[PDB]
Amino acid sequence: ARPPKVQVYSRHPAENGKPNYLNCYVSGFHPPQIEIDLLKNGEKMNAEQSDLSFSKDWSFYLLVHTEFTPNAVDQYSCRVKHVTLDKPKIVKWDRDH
């Protein structure tokens, strides 16, 4: 049983008021069942999720993504829950990472 890694980042360099895409890449987990949500101020965003697939070490990976618009104040995050994690795991978007 493997917990999942999570990186949260925008497809392009993040420029206030320009349209972008926000990704949440969740990888290295087992088993395959999992819930990933994107949030804009704690609020579940309507997002796309890629076809379940996996790496050479059998660990699964997934990309959850949606169009967004960063601005000065909007706060975004990715929330993940998996049987390996007692509690939900949250990572914060920040435009420098």
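Numbering starts at 1 and runs along the sequence shown.
*Asks:* Using the B-factors recorded in the PDB entry, average over the C-alpha atoms of 20-28 and of 74-82, then report which stretch comes out higher.
*Replies:* Per the PDB record, 74-82.
*Asks:* Do the CA atoms of 51-59 or those of 65-73 have the higher mean B-factor in the entry?
*Replies:* Going by the record's values, the stretch with the higher mean is 65-73.
*Asks:* Should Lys87 be placed in the lowest, middle or highest third of its chain by the C-alpha B factor in the entry?
*Replies:* Highest third of the chain for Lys87's C-alpha B-factor.
*Asks:* Tell me, lowest, middle or highest third: where does the Cα B factor of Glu43 rank within its chain?
*Replies:* Answer is highest: the recorded C-alpha B-factor places it there.
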